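Examining the three-dimensional arrangement
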Amino acid sequence: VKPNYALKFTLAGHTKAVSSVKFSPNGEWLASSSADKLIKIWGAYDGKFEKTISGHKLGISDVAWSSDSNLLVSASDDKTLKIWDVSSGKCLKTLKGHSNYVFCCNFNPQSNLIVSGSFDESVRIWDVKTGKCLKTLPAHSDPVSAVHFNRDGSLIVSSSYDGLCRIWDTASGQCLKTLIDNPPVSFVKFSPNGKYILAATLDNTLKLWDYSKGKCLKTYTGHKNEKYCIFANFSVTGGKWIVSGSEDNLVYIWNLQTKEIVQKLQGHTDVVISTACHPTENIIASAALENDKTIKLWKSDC
Ligand SMILES: CS(=O)(=O)c1cc(NS(=O)(=O)c2cc(Br)ccc2O)cc(S(F)(F)(F)(F)F)c1
């Protein structure tokens, strides 16, 4: 069994490299962030540009949605995060504390907390309602490349160019596990069931780990990833797929269990820096760097 993803829309508008794309939890919207300091909102099913959200002073590396699809958080080189009301475009809060670029961000499932990681090598946990920093974790010894809450928010996983992945107890901020040769870890996230973590390293390798056992369950290879923080995803709506961008301008799709490449999506004209999987439909969003600057939407039958 193989997917048959086909190009449906090319979304243009960002004026610099795109950095991240995320589908709203209710499936209705795609949000994109860019080095052009802008967030853009697009319709997930017709590709129609909806709006631009501006306010950050420098480029944006990441955006994430609240669970009710009403709020966005953005992480910027201006050392802040911003909480936005998607409906109004208004900045509700500016999260200040990091001493250097904020690279990654995420709400917890409750969406009362935000987790952030920064070039300043720290992970921060923030109160959505007040905008106050609740905890600062001395998480890593190099820039933090990704932060992600597990299925119920009990745990955070972080990745860093220092070569480490770490599991943190959200409530206490204590490091429960450190996964340890150490190529830079450019991305990480929890699996759908919360038992595994998917980590990308800058040696063209994706790895599925049982972090409790410290055992590598799966390895996915064949793509190019030696430089950039490139998101990876679990595709849960049809076939069980792993999806990632690549520095050879392609979208790679692997069979979760067999690790075989089942599809490569051709079309972008620069590094595919970010991919996202729609929560209910077999739809992928892909986004590329500044020779391209577009987002593409792809649809599969399975
Ligand atoms: C038995 S299975 O085929 O259902 C299976 C489920 C998981 N669980 S998971 O990664 O969280 C996950 C991924 C995706 Br995509 C969709 C749903 C989902 O639950 C992991 C594996 S493994 F990859 F660990 F054993 F090596 F093959 C196998």
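Definitions and cut-offs
- Residues numbered from 1 in each chain as written, not as in the entry; some residues may be left out.
- Heavy atoms only, no water.
- Residues with missing side-chain atoms left out of burial classes, pairs and counts.
- Near = heavy atom within 4 Å.
- Polar contact = N/O pair within 3.5 Å; in protein donor to acceptor, adjacent residues only side chain to side chain.
- Areas by Shrake-Rupley, 256 points an atom, 1.4 Å probe, with all protein chains shown as cover.
- Helix = DSSP H or I, 4+ residues; strand = E, 2+ residues; numbered from the N terminus.
- Nonpolar A, V, L, I, M, F, W, Y, C, P; charged D, E, K, R; others polar.
- Disulfide = S-S within 2.5 Å.
- Buried < 20%, exposed > 50% of the residue type's maximum accessible area, 1.4 Å probe, protein only.
- Contact = heavy atoms within 4.5 Å.

Per the PDB record, the structure was determined using X-ray crystallography to 1.8000 Å resolution.

Not every one of the 14 residues close to the ligand is listed here, only the nearest: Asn193, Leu208, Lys218, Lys240 and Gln257. Between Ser191 and the ligand, the recorded distance is 3.3 Å, taken from a side-chain N or O atom to an oxygen atom. For the ligand, an oxygen atom lies 3.2 Å from a polar atom in the side chain of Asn193. For the ligand, the accessible surface in isolation is 610 Å², of which the surrounding protein chains cover 72%. Taken together, the elements giving at least two residues each to the shell around the ligand come down to β21 (215-220) and β22 (232-235). Residue composition of the shell around the ligand, by class: 8 nonpolar, 4 polar and 2 charged.

Next up on the list: the state of the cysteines. In protein chemistry, a disulfide is the covalent bond that joins the sulfur atoms of two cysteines. Within this structure, the stated rule accounts for 0 disulfides. In this model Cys133 remains outside any disulfide bridge; the closest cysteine sulfur is found in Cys104, 14 Å from its own. You can call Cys133 partly exposed: its relative accessible area is 29%. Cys229 takes part in no disulfide bond, and the closest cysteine sulfur, belonging to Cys104, lies 7.5 Å away. Given a relative accessible area of 22%, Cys229 falls into the partly exposed group.

Another aspect to go through is the environment of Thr94. Structurally, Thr94 can be placed in strand β9 (residues 91-96). Distance in space between the C-alpha atoms of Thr94 and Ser54 is 13 Å, their sequence separation being 40 residues. Among all residues touching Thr94, those that are not within four sequence positions of it are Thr80, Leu81 and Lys82. Side chain to side chain, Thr94 and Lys82 meet in a polar contact 3.0 Å long.

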